[PDB]
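In what follows, one protein chain appears twice in different forms, each by itself as structure tokens: structure 1 and structure 2.
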Structure 1
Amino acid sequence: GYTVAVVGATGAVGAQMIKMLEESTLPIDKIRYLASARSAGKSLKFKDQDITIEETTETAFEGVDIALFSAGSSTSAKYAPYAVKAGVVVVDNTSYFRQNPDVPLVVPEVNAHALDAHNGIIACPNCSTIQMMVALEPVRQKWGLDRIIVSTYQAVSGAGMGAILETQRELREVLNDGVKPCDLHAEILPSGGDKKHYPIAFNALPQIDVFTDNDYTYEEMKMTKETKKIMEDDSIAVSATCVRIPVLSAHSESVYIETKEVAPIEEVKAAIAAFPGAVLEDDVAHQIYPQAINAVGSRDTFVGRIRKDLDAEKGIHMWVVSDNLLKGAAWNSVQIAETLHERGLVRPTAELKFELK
């Protein structure tokens, strides 16, 4: 079997990575948990076994077959190249290596073929991107994609464990203490690294990550750039507005598309239903549509509210929901590892293509 390491085991994604690995078919002989120095020494469960958390260092990756990273882009930048040097296949859940031409950016149902030519690092895409790709690929395959306009309704767990606790605390202060939402104190959201912080309780914050030079945030631009790489088509127009709402788990997305050829709605519904990883939840007569609360805990991506634009001949609207910690992160990563196993791609990489920092 394999030696599997989880880097960032104590985090929000790391917790789900453990859960997904527990429920995985992957033949695991040895499991290892890695985090920062302050977590080292603590005990954490794998099934019923007790595992001691280790500190992530440059020499900690010897003998490891597969490493799942979700400890922020700074940890991946620093330790992933040393892992590859040690002969590990890295599945990275950060944005750091995503736009590197030597790194496959993979959603297994969409571009598993890209895994074959990997150089030791496989990048897991952004959570907001992944669920959109699962929903849209079956459409692209049959009728093509000209443009995408998406407005997101993102859960706070995407920003990590602290964001969840901040959201819960804020909501308690308003409902129990009667504090006006606009008077709340925030420490993390919208972006932990940005200069100013705003309450999320009873609010919709149109900022996820920091702003780029073009007045779109990095989150919005990641949706643009990642879609183009995943679907291997730079001609797909993508513009996004990414908004945080008071949901703890599961992203929701209002997705507008224009196809190359006119796509009959009932055929679109059927194509999405037939696509692996995508589940059609669309029966408006009985008020059936994807819901954040229903998607929590499931690996599947749920699609509904499918309808043609009222004016644009090739325009289609839809509603896409998936657990952001599962398909958006931990499950996509474990599924990548399972696909690597399937294809016999779990082995050391001879040529080191990533500079050691």
Structure 2
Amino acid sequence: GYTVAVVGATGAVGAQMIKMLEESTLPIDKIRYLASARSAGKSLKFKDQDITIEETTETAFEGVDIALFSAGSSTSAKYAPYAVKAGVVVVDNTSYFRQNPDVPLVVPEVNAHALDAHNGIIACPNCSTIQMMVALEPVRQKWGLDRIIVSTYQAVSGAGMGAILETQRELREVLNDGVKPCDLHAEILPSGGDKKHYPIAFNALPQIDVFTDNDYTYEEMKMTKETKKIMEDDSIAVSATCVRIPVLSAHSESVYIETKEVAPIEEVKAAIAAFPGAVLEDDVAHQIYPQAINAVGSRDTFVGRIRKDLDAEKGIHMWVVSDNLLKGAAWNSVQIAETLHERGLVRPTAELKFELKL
């Protein structure tokens, strides 16, 4: 079995990663937990064993076969290249390596073949990207895709624990103390790093991440760029509007597509139902459709409201929901690690293609 490291083992992101790993089929002979110097010497569970946390350093990766990063971009930028030099295969959680041409950007049900050429680092995509790829891939392979227009209804958990607590506090102030939504004080949302912060309670914020020079946000542009790379087709026209709403867990997406050939709705439904990691919830006669609150805790991507556009012959609308913390993050990362093993790709990389910082 493997020596596996979790890099950024403390905190809510790390805990999510641990949980998925604990339920993994991956044969693990040794587990190691890596975090900041402040956390070193502390203890966290892995299954029935207490694991002493070690500090992430340049020298900390000796003997490690697989490393699951679950921290920020600065940790990945600093330590992933050293992991690779030590002979590790890195599965990175952040956006940092995603657009690097030497790095596969992978959703295992969609483009597992891209893993074969890896150079020691595989990137997990953005949570809003992942679920859309799961829903659309089965349609693309049978009828192609020309364009995507998506409007998202994204959960606050995507911005971390701080954002979830901010959301609950603001809602309690409104409903328990009679504070007006306009009088709320926000500190994190819509974006932690940006200059101004706004209440999410009883609101809809059309900003996730910060703005880019073209007036789309980085979140919207990630959906555009990650789709093209994952599906390996730069001619797929993708445009997105990313909106945060008062939901703690699970993103919802309103998805419009136009296929290359006319796709019979009954056949689109059947194709999604048969696709791994996807579940059809579409029976409008009984008001069956995907719902955020029903998806929390499940690894599945749920699709419904599938219907033809009223005018465009090849246009289809659908509703896509998934738990952003599982398939949107930790489960996709662990599934990548299982897929690497599945295909015989856990091996040291001879040529270092990522420069050493520090």
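Between two forms, the rigid core is the largest collection of C-alphas that superpose within 1.5 Å. Structure 1's sequence is the ruler for residue numbers, which start at 1.
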_Per-residue C-alpha change between structure 1 and structure 2, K42, threshold 2 Å, rigid core fit_ = yes
*By the 2 angstroms cut-off, has the C-alpha of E55 moved between structure 1 and structure 2 once the rigid core is superposed?*
yes
_Tell me whether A337 is among the residues that move between structure 1 and structure 2 (Cα shift of 2 angstroms or more, core superposed)._
no
*After superposition on the rigid core, what is the displacement of the C-alpha atom of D209 between structure 1 and structure 2, in Å?*
0.2
*Taking the rigid core as fixed, quantify in angstrom how much the C-alpha of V13 shifts between structure 1 and structure 2.*
2.8
*Backbone CA shift between structure 1 and structure 2, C182, after core fitting (angstrom)*: 1.1
